[PDB]
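All Cβ positions, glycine included, derive from the backbone under ideal geometry; neighbour counts span all protein chains shown. None of the figures in this text is laboratory data; all of them are computed from the coordinates on show.
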Amino acid sequence: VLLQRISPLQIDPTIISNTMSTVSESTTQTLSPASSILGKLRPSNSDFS
Amino acid sequence: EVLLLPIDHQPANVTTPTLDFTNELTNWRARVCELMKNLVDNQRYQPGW
């Protein structure tokens, strides 16, 4: 909590979702690596502490 | 008795204008699209597609 006020960087909320739109797939597939990422990791600012 | 232009001037031959592909800005648009063709020709610069 003391380094919280000192450190300049905060989380950028949209790096992960602004990525994975450069690459895509056919909708015919049932597996999705990008939604696998967004179901796997949840940023939520509770990661940060 | 002179004005200065950023692009090249050339007077028209006829008074009924019609389409041609022989001028400086079409040559420019052509060279830009030729670079983008050379950029899409490699798949290192876009590995996802």
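Counting Cβ atoms of other protein chains within 10 Å of each residue's Cβ and taking the mean over peptide B:21-34 gives 0.
Over the Cα atoms of chain B, the radius of gyration divided by the Kirkwood radius equals 1.24; this is the Rg/Rh ratio.
When peptides A:11-20, B:37-46 are sorted by average Cβ neighbour count within 10 Å, with the highest value leading, the order is A:11-20, B:37-46. Here the Karplus relation 6.51 cos²θ - 1.76 cosθ + 1.60, evaluated at θ = phi - 60°, turns the backbone of the range A:35-49 into coupling constants of 6, 5, 4, 6, x, 7, 9, 10, x, 6, 6, 7, 5, 6, 5 Hz, with x for every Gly and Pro. Using the empirical formula 2.2 N^0.38 Å as the baseline, the Cα radius of gyration of chain A reaches a ratio of 1.58. Compared with the dominant Cα axis of chain B, that is its longest principal axis, helix B:24-41 is turned about 0°.
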